[PDB]
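Comments concern the structure below.
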Number of protein chains: 2
Amino acid sequence: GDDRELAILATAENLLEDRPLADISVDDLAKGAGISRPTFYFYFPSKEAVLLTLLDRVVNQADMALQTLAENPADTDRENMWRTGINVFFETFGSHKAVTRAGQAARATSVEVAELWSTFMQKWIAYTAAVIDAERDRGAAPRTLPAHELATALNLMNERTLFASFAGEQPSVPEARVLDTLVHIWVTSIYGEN
Amino acid sequence: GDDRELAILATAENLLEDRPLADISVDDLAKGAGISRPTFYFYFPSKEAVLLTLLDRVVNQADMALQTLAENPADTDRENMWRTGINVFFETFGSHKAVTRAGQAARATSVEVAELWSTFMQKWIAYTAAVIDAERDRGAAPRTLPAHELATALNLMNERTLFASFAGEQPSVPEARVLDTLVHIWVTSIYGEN
Ligand SMILES: O=C(Cc1ccccc1)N1CCC(c2nc(-c3cccs3)no2)CC1
Ligand SMILES: O=C(Cc1ccccc1)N1CCC(c2nc(-c3cccs3)no2)CC1
């Protein structure tokens, strides 16, 4: 039941490391999970549904880690504050590269995946803008661009840049340089008078 | 011949405004171009080949405009220099939204389109890094991040941000705000000591 469903999810995540979702059959998933094909269909309507659940788990894990960070005070310089925040996403998605990659690809073909990604991007943009606004209210950051517009561009940069790095795309920032790269761009753009 | 090929390309660009390439038949393209289906196949092997040519034309048009800008001196403040450069791409791709949209989608399914996009991104990143390097050599910009890494993140931000704006994605920066938004992030990140 719960353990049969988890075994399907774990199998799917494992197989996605080696091949595209298109190259993975419902048969592969059932076999990996130690169940029959008809039993698989009790837990999931399709392999696409399995990917959606995997993506949902990872995105919620990132979101929850951001929430935990946000709850703490927690005495730090402004650059370190943003670095710790971006790190939540670097570590969470970077620890689930196969799911990250497959989930991004599915945005083109699945309305559910597209909606899921959109929902969480809006949430993360809103939180970013709220923190920028707080920084401005404090006198710590200058009142330059509309905070929400600035937040949107910075979050879209993170999406494209982190994911190109994880996929080893040509061009991409090396994974070992991408955190410092994004942090510099966030800090200078949020705190820079010009 | 040359005019038959141009009519196919123009027809394809027109139909892409209204529907996905998948919703456009070779029949539609031939009919729009005033030719038969077998005659279409003389000029192009597939509708995918038509999209590749459309994308190639637009990307080269942007690249050539950047070259022209780069040839001039041409007495300006640093913010305006970068604004004029980003504007080349905003105007070129923004004047061909349907081709831009379809070309980006085809990156997932066409190695030729993927390679084309990669080639020009590497070129634009290299040019960006060269200009940053020149600015540093001048004493105009500080020696912060590796120029090529900074250039890569800024160009990936432009790709994701411009194209989300043109597509009206949720989330996206409004098209009427995206130029100012990207310029601020470029200027602060290139010239900001922190
Ligand atoms: O990188 C992201 C989100 C993202 C990750 C991957 C792909 C697209 C978007 N963020 C969103 C939230 C942003 C943020 N951090 C914080 C805080 C950090 C520390 C205390 S609050 N507030 O907003 C950090 C960077
Ligand atoms: O926006 C882009 C490229 C791009 C556009 C869309 C999608 C992805 C990438 N660029 C690349 C070149 C960059 C640049 N401008 C210049 C100069 C401007 C004026 C004189 S040189 N040098 O590099 C401007 C911004």
Side-chain angles (χ1 to χ4, degrees), chain A residues 58-59 62-63 65-74 76 78 80-94 100 104 117 120-132 134-135 151-152 154-163 165-166 171 178-179 182-183 186 190, chain B residues 58-59 62-63 65-74 76 78 80-94 100 104 117 120-132 134-135 151-152 154-163 165-166 171 178-179 182-183 186 190:
Chain A
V58 170
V59 159
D63 188 57
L66 181 64
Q67 289 185 52
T68 297
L69 245 202
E71 282 163 8
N72 316 329
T76 199
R78 72 197 186 181
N80 207 57
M81 179 185 68
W82 290 111
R83 182 177 270 109
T84 308
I86 296 168
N87 189 243
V88 167
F89 297 93
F90 176 69
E91 287 292 333
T92 306
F93 297 144
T100 298
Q104 293 302 123
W117 192 254
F120 278 89
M121 291 294 290
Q122 301 171 233
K123 196 184 346 284
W124 298 333
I125 289 166
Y127 191 59
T128 300
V131 176
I132 294 170
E135 290 290 87
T152 299
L154 293 174
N155 276 267
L156 291 172
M157 173 182 62
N158 286 14
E159 180 190 304
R160 188 73 191 98
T161 304
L162 286 170
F163 300 163
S165 289
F166 293 154
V178 73
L179 224 209
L182 295 175
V183 172
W186 281 59
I190 295 168
Chain B
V58 170
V59 159
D63 188 57
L66 181 64
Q67 289 185 52
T68 297
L69 245 202
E71 282 163 8
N72 316 329
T76 199
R78 72 197 186 181
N80 207 57
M81 179 185 68
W82 290 111
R83 182 177 270 109
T84 308
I86 296 168
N87 189 243
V88 167
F89 297 93
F90 176 69
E91 287 292 333
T92 306
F93 297 144
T100 298
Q104 293 302 123
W117 192 254
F120 278 89
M121 291 294 290
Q122 301 171 233
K123 196 184 346 284
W124 298 333
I125 289 166
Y127 191 59
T128 300
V131 176
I132 294 170
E135 290 290 87
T152 299
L154 293 174
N155 276 267
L156 291 172
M157 173 182 62
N158 286 14
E159 180 190 304
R160 188 73 191 98
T161 304
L162 286 170
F163 300 163
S165 289
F166 293 154
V178 73
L179 224 209
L182 295 175
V183 172
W186 281 59
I190 295 168

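Atoms within a ligand are numbered from 1 in the order they appear, just like the ligands themselves. Note on naming: letters A, B, ... go to the chains in the order of the sequence lines (proteins, then strands), and numbering restarts at 1 for each one. Atoms considered below: every heavy atom in the structure, side chains included; atoms not considered: hydrogens, waters and symmetry mates.
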For the residue pair A:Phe89 and A:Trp186, is the inter-centroid distance of their aromatic rings smaller than 6.0 Å?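 No, the ring centres sit 6.0 Å or more apart.
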
Sub-3.5 Å donor-acceptor pair from the side chain of B:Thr100 to the main-chain atoms of B:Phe93, do we have one?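 Such a contact is found between B:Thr100 side chain and B:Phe93 backbone.
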
Which protein N or O atoms sit under 3.5 Å from any N or O of ligand 1? Give each pair with its distance.
| unit_1 | atom_1 | unit_2 | atom_2 | d |
| --- | --- | --- | --- | --- |
| ligand 1 | 1 (O) | A:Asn158 | ND2 | 2.8 |

In plain terms, say whether A:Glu135 and A:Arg78 are close enough for a salt bridge, that is, a side-chain N and a carboxylate O under 4.0 Å apart.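 Salt bridge flag = no for A:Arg78 with A:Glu135.
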
Does a side chain donor of either B:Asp63 or B:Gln67 reach within less than 3.5 Å of an acceptor in the other side chain?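 Yes.
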
With A:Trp82 as reference, evaluate A:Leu182, A:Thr76, A:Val131 under the side-chain contact (heavy atoms from CB on, under 4.5 Å) test and give the passing residue.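 When side-chain contact (heavy atoms from CB on, under 4.5 Å) is applied between A:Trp82 and each of A:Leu182, A:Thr76, A:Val131, only A:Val131 qualifies.
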
Looking at A:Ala151 and A:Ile125, what are the two nearest heavy atoms and their distance?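 Looking at all heavy atoms of both residues, the shortest contact is CB-O, 3.6 Å.
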
